[PDB]
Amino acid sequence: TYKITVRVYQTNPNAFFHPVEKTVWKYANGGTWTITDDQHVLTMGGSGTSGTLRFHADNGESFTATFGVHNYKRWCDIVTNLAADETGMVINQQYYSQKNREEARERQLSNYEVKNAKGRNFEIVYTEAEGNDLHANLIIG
């Protein structure tokens, strides 16, 4: 099995985001999201699956942060500027169906950042990027 422990950092008091969805994809015997010590913990049955966290702010901004294991290495991706019909479960499935999202996963990134239309930065960084017990920060700008 693989475990990914996520710590969320909010750095900019001009907005406040909260988690509104937590999904788990069906490959590699699936998995489970839980919370321990204010950390989001994803456990997976093997290499080849993932889970998505969707966040929303009161001002309308939202994004997905997805974490998983591809070919025995960690991966991550962030999607911003979400339409109302782009929920976390939609985004999670797209990593296994939609070519551009598939490629984002196959890159096996231990770090990724991107801005939304308003210019806000979002970053995922793995502070423990090796082995089966993986650790990442999600930093909101």
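So that there is no doubt, residue numbering starts at 1 and follows the sequence shown.
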query	finding
Mean C-alpha temperature factor, higher of 81-89 and 111-119	111-119
22-30 versus 52-60 - which carries the larger mean C-alpha B factor in the record	52-60
B-factor third for the C-alpha atom of residue 43 within its chain	middle
Cα B factor band for residue 126 (lowest, middle or highest third within the chain)	lowest
Chain-relative CA temperature factor third for residue 102	middle
